[PDB]
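In what follows, a structure is listed as structure tokens, so that the remarks can point back to it.
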Amino acid sequence: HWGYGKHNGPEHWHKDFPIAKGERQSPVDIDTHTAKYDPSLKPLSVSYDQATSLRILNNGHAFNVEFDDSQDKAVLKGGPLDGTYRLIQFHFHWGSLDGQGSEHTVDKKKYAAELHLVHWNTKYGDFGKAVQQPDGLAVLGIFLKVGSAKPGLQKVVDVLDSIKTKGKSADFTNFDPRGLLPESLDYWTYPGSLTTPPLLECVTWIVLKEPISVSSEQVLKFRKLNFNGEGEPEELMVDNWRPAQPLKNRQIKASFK
Ligand SMILES: O=C(O)Cc1cccc([N+](=O)[O-])c1
Ligand code: NI
Ligand code: NI
């Protein structure tokens with residue numbers, strides 16, 4: 001019974017999942033001065049025109065916006081990737097305060113939140129099989145800073161009161177994830193892992209350099225969510241970020257100079 005507390009948080013996970021101390025764990029600090037610009041990198045193709053959102057779920061550690069991944073409707077290709085990656089869900093990680101919440105850091109800077117768009121490699125046929133492979137997933141990571149409102153986020157924010165507690169879901173159709181992307185697709189990339197148990201080392205991370213801006217009011221609404229189930233004592237869903245892990249023998253590549 002893992003979580004983010006003193007007694008069951010990141011620092012304990014290794015007892016259940018020894019891979020926590022592995023060679024390609026995420027997140028990491030992105031040292032912008034040491035990331036090397038890579039000309040091998042093919043351009044990033046995000047093709048979200050046909051995306052079909054289905055549902056939003058409070059899974060007890062975050063909320064997930066789920067997509068129909070039964071066809072190539074919302075796909076990521078190019079960049080560091082070989083082949084086609086289908087969108088399955090997005091989620092966020094966030095803090096109790098505006099000064100923390102992101103998982104990746106940039107020259108040690110923590111953002112207020114981080115958006116993760118999770119995609120699986122179609123050559124493996126389904127998500128469950130893909131997470132067993134070193135190239136199974138591609139996660140597009142976007143930092144959130146507090147400032148102006150993000151209009152394309154509001155639809156997510158307003159349904160959160162209907163999924164307050166663990167296990168609640170709501171229909172969430174017709175949501176366009178393009179409205180959560182910054183202007184530029186410049187990125188850093190490196191090989192890593194999921195950042196919750198089971199911590200599988202199956203992710204090619206693609207972290208965008210340009211943050212999106214959300215309002216204070218928008219982030220506040222994330223912090224009203226609950227880790228607990230209905231009828232259990234209230235524990236606010238905040239600080240659901242794993243801290244930076246050792247880079248070990250990895251290189252972070254930049255798509256830009
Ligand atoms: O890395 C995370 O935010 C945790 C996580 C946990 C389980 C599945 C996930 N996913 O990528 O569908 C992500
Ligand atoms: Ni458990
Ligand atoms: Ni994540």
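Ordered as shown in the structure tokens, chains take letters A, B, and onward, while each chain numbers its residues from 1 and ligands are numbered from 1 in the order shown.
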Test item: residues at most 10 Å from residue 229 of chain A, only C-alpha atoms, excluding those fewer than 6 positions along its chain, as a ChimeraX atom specification: /A:58-60,164-168,235
Selection within 9 Å of ligand 2 by only C-alpha atoms and all ligand atoms, output as a ChimeraX atom specification: /A:1-3,8
Would you mind exporting the chosen residues as a PDB file, in the first residue's frame, restricted to C-alpha atoms?
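Resulting contents of selection.pdb:
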ATOM      1  CA  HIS A   1       0.000   0.000   0.000  1.00  0.00           C
ATOM      2  CA  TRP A   2       2.190   2.571  -1.555  1.00  0.00           C
ATOM      3  CA  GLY A   3       1.741   6.239  -1.821  1.00  0.00           C
ATOM      4  CA  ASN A   8       4.757   4.674   2.207  1.00  0.00           C
TER       5      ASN A   8
END
Would you tabulate, counting only C-alpha atoms and all ligand atoms, all residues of chain A that have an atom at most 10 Å from an atom of ligand 1, showing the closest pair of atoms and their distance in Å to one decimal, sorted by chain then ascending number, as JSON lines?
{"residue": "A:26", "atom": "CA", "partner": "ligand 1", "partner_atom_place_in_ligand_line": "1 (O)", "distance": 8.2}
{"residue": "A:27", "atom": "CA", "partner": "ligand 1", "partner_atom_place_in_ligand_line": "1 (O)", "distance": 8.8}
{"residue": "A:59", "atom": "CA", "partner": "ligand 1", "partner_atom_place_in_ligand_line": "7 (C)", "distance": 9.8}
{"residue": "A:61", "atom": "CA", "partner": "ligand 1", "partner_atom_place_in_ligand_line": "4 (C)", "distance": 8.8}
{"residue": "A:62", "atom": "CA", "partner": "ligand 1", "partner_atom_place_in_ligand_line": "3 (O)", "distance": 8.2}
{"residue": "A:64", "atom": "CA", "partner": "ligand 1", "partner_atom_place_in_ligand_line": "12 (O)", "distance": 8.4}
{"residue": "A:66", "atom": "CA", "partner": "ligand 1", "partner_atom_place_in_ligand_line": "12 (O)", "distance": 9.5}
{"residue": "A:87", "atom": "CA", "partner": "ligand 1", "partner_atom_place_in_ligand_line": "12 (O)", "distance": 9.8}
{"residue": "A:88", "atom": "CA", "partner": "ligand 1", "partner_atom_place_in_ligand_line": "12 (O)", "distance": 7.3}
{"residue": "A:89", "atom": "CA", "partner": "ligand 1", "partner_atom_place_in_ligand_line": "12 (O)", "distance": 6.5}
{"residue": "A:90", "atom": "CA", "partner": "ligand 1", "partner_atom_place_in_ligand_line": "12 (O)", "distance": 7.8}
{"residue": "A:91", "atom": "CA", "partner": "ligand 1", "partner_atom_place_in_ligand_line": "3 (O)", "distance": 7.1}
{"residue": "A:92", "atom": "CA", "partner": "ligand 1", "partner_atom_place_in_ligand_line": "3 (O)", "distance": 7.5}
{"residue": "A:93", "atom": "CA", "partner": "ligand 1", "partner_atom_place_in_ligand_line": "3 (O)", "distance": 7.3}
{"residue": "A:103", "atom": "CA", "partner": "ligand 1", "partner_atom_place_in_ligand_line": "3 (O)", "distance": 9.1}
{"residue": "A:114", "atom": "CA", "partner": "ligand 1", "partner_atom_place_in_ligand_line": "3 (O)", "distance": 9.7}
{"residue": "A:115", "atom": "CA", "partner": "ligand 1", "partner_atom_place_in_ligand_line": "3 (O)", "distance": 9.1}
{"residue": "A:116", "atom": "CA", "partner": "ligand 1", "partner_atom_place_in_ligand_line": "3 (O)", "distance": 7.0}
{"residue": "A:117", "atom": "CA", "partner": "ligand 1", "partner_atom_place_in_ligand_line": "11 (O)", "distance": 8.1}
{"residue": "A:118", "atom": "CA", "partner": "ligand 1", "partner_atom_place_in_ligand_line": "11 (O)", "distance": 5.4}
{"residue": "A:119", "atom": "CA", "partner": "ligand 1", "partner_atom_place_in_ligand_line": "11 (O)", "distance": 7.8}
{"residue": "A:120", "atom": "CA", "partner": "ligand 1", "partner_atom_place_in_ligand_line": "11 (O)", "distance": 8.9}
{"residue": "A:127", "atom": "CA", "partner": "ligand 1", "partner_atom_place_in_ligand_line": "12 (O)", "distance": 8.1}
{"residue": "A:128", "atom": "CA", "partner": "ligand 1", "partner_atom_place_in_ligand_line": "12 (O)", "distance": 9.5}
{"residue": "A:131", "atom": "CA", "partner": "ligand 1", "partner_atom_place_in_ligand_line": "11 (O)", "distance": 8.6}
{"residue": "A:137", "atom": "CA", "partner": "ligand 1", "partner_atom_place_in_ligand_line": "11 (O)", "distance": 7.6}
{"residue": "A:138", "atom": "CA", "partner": "ligand 1", "partner_atom_place_in_ligand_line": "11 (O)", "distance": 8.7}
{"residue": "A:139", "atom": "CA", "partner": "ligand 1", "partner_atom_place_in_ligand_line": "11 (O)", "distance": 7.3}
{"residue": "A:192", "atom": "CA", "partner": "ligand 1", "partner_atom_place_in_ligand_line": "1 (O)", "distance": 9.9}
{"residue": "A:193", "atom": "CA", "partner": "ligand 1", "partner_atom_place_in_ligand_line": "1 (O)", "distance": 7.0}
{"residue": "A:194", "atom": "CA", "partner": "ligand 1", "partner_atom_place_in_ligand_line": "1 (O)", "distance": 3.6}
{"residue": "A:195", "atom": "CA", "partner": "ligand 1", "partner_atom_place_in_ligand_line": "1 (O)", "distance": 3.8}
{"residue": "A:196", "atom": "CA", "partner": "ligand 1", "partner_atom_place_in_ligand_line": "4 (C)", "distance": 4.4}
{"residue": "A:197", "atom": "CA", "partner": "ligand 1", "partner_atom_place_in_ligand_line": "6 (C)", "distance": 6.7}
{"residue": "A:198", "atom": "CA", "partner": "ligand 1", "partner_atom_place_in_ligand_line": "6 (C)", "distance": 7.5}
{"residue": "A:199", "atom": "CA", "partner": "ligand 1", "partner_atom_place_in_ligand_line": "1 (O)", "distance": 7.4}
{"residue": "A:200", "atom": "CA", "partner": "ligand 1", "partner_atom_place_in_ligand_line": "1 (O)", "distance": 8.8}
{"residue": "A:202", "atom": "CA", "partner": "ligand 1", "partner_atom_place_in_ligand_line": "11 (O)", "distance": 9.5}
{"residue": "A:203", "atom": "CA", "partner": "ligand 1", "partner_atom_place_in_ligand_line": "11 (O)", "distance": 8.4}
{"residue": "A:240", "atom": "CA", "partner": "ligand 1", "partner_atom_place_in_ligand_line": "3 (O)", "distance": 8.9}
{"residue": "A:241", "atom": "CA", "partner": "ligand 1", "partner_atom_place_in_ligand_line": "3 (O)", "distance": 8.2}
{"residue": "A:242", "atom": "CA", "partner": "ligand 1", "partner_atom_place_in_ligand_line": "3 (O)", "distance": 8.9}
Nearest to residue 99 of chain A by atom-to-atom distance, counting only C-alpha atoms, from A:208, A:54, A:46, A:146: A:146
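With only C-alpha atoms and all ligand atoms as the basis for measurement, A:141 is the residue among A:78, A:141, A:147, A:10 that approaches ligand 3 most closely.
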Those of segment 125-232 of chain A in DSSP helix (DSSP H, G or I), formatted as a PyMOL selection string: chain A and resi 127-130+151-163+177-180+216-222
Residues within 12 Å of residue 155 of chain A, only C-alpha atoms, excluding chain neighbours under 5 positions, as a list in words: residues 56, 65, 150, 160, 161, 172, 173, 174, 175, 176, 177, 179, 180, 218 and 221 of chain A
Okay, now the selection with N, CA, C and O atoms, as a PDB file, in the first residue's frame?
ATOM      1  N   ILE A  56     -12.760  10.112 -17.515  1.00  0.00           N
ATOM      2  CA  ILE A  56     -11.787  10.631 -16.545  1.00  0.00           C
ATOM      3  C   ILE A  56     -11.996   9.830 -15.273  1.00  0.00           C
ATOM      4  O   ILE A  56     -13.103   9.600 -14.815  1.00  0.00           O
ATOM      5  N   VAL A  65      -7.166  10.986 -17.857  1.00  0.00           N
ATOM      6  CA  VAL A  65      -8.098  11.179 -19.000  1.00  0.00           C
ATOM      7  C   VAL A  65      -7.755  10.109 -19.986  1.00  0.00           C
ATOM      8  O   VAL A  65      -6.634  10.077 -20.496  1.00  0.00           O
ATOM      9  N   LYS A 150      -5.001  28.552 -18.707  1.00  0.00           N
ATOM     10  CA  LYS A 150      -4.979  27.797 -19.898  1.00  0.00           C
ATOM     11  C   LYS A 150      -6.409  27.452 -20.321  1.00  0.00           C
ATOM     12  O   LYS A 150      -7.053  26.615 -19.685  1.00  0.00           O
ATOM     13  N   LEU A 160     -13.614  17.925 -12.124  1.00  0.00           N
ATOM     14  CA  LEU A 160     -12.896  17.324 -11.013  1.00  0.00           C
ATOM     15  C   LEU A 160     -13.767  17.151  -9.766  1.00  0.00           C
ATOM     16  O   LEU A 160     -13.586  16.146  -9.095  1.00  0.00           O
ATOM     17  N   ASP A 161     -14.745  17.987  -9.566  1.00  0.00           N
ATOM     18  CA  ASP A 161     -15.615  17.814  -8.395  1.00  0.00           C
ATOM     19  C   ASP A 161     -16.431  16.512  -8.510  1.00  0.00           C
ATOM     20  O   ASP A 161     -16.890  16.013  -7.452  1.00  0.00           O
ATOM     21  N   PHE A 172     -16.136  11.575 -20.290  1.00  0.00           N
ATOM     22  CA  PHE A 172     -15.278  12.739 -20.666  1.00  0.00           C
ATOM     23  C   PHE A 172     -15.019  12.654 -22.121  1.00  0.00           C
ATOM     24  O   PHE A 172     -13.912  12.378 -22.548  1.00  0.00           O
ATOM     25  N   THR A 173     -16.007  12.853 -22.919  1.00  0.00           N
ATOM     26  CA  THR A 173     -15.946  12.766 -24.362  1.00  0.00           C
ATOM     27  C   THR A 173     -15.590  14.078 -25.010  1.00  0.00           C
ATOM     28  O   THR A 173     -15.870  15.150 -24.439  1.00  0.00           O
ATOM     29  N   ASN A 174     -15.116  14.047 -26.239  1.00  0.00           N
ATOM     30  CA  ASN A 174     -14.928  15.222 -27.013  1.00  0.00           C
ATOM     31  C   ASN A 174     -13.902  16.195 -26.492  1.00  0.00           C
ATOM     32  O   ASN A 174     -13.984  17.410 -26.775  1.00  0.00           O
ATOM     33  N   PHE A 175     -12.929  15.753 -25.719  1.00  0.00           N
ATOM     34  CA  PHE A 175     -11.857  16.615 -25.226  1.00  0.00           C
ATOM     35  C   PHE A 175     -10.692  16.599 -26.202  1.00  0.00           C
ATOM     36  O   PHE A 175     -10.221  15.506 -26.574  1.00  0.00           O
ATOM     37  N   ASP A 176     -10.198  17.756 -26.570  1.00  0.00           N
ATOM     38  CA  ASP A 176      -9.122  17.885 -27.531  1.00  0.00           C
ATOM     39  C   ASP A 176      -7.795  18.137 -26.823  1.00  0.00           C
ATOM     40  O   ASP A 176      -7.576  19.271 -26.335  1.00  0.00           O
ATOM     41  N   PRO A 177      -6.899  17.167 -26.738  1.00  0.00           N
ATOM     42  CA  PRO A 177      -5.625  17.408 -26.000  1.00  0.00           C
ATOM     43  C   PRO A 177      -4.689  18.416 -26.674  1.00  0.00           C
ATOM     44  O   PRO A 177      -3.726  18.819 -26.048  1.00  0.00           O
ATOM     45  N   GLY A 179      -5.258  21.381 -27.072  1.00  0.00           N
ATOM     46  CA  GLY A 179      -5.297  22.592 -26.335  1.00  0.00           C
ATOM     47  C   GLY A 179      -4.442  22.644 -25.041  1.00  0.00           C
ATOM     48  O   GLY A 179      -4.472  23.629 -24.354  1.00  0.00           O
ATOM     49  N   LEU A 180      -3.667  21.583 -24.797  1.00  0.00           N
ATOM     50  CA  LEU A 180      -2.761  21.542 -23.663  1.00  0.00           C
ATOM     51  C   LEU A 180      -1.295  21.669 -24.120  1.00  0.00           C
ATOM     52  O   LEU A 180      -0.386  21.610 -23.287  1.00  0.00           O
ATOM     53  N   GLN A 218      -6.905  27.326 -11.396  1.00  0.00           N
ATOM     54  CA  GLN A 218      -6.921  26.012 -12.053  1.00  0.00           C
ATOM     55  C   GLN A 218      -6.180  24.974 -11.188  1.00  0.00           C
ATOM     56  O   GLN A 218      -6.646  23.875 -10.923  1.00  0.00           O
ATOM     57  N   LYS A 221      -7.789  23.783  -7.976  1.00  0.00           N
ATOM     58  CA  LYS A 221      -8.766  22.734  -8.145  1.00  0.00           C
ATOM     59  C   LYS A 221      -8.190  21.356  -8.176  1.00  0.00           C
ATOM     60  O   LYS A 221      -8.794  20.406  -7.672  1.00  0.00           O
TER      61      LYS A 221
END
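Residue nearest ligand 3, chosen from A:17, A:124, A:188, A:63 and counting only C-alpha atoms and all ligand atoms: A:63.
Between atom CA of residue 33 of chain A and atom CA of residue 148 of chain A the interatomic distance comes to 28.6 Å.
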d(atom CA of residue 35 of chain A, atom CA of residue 77 of chain A) in Å: 21.7 Å
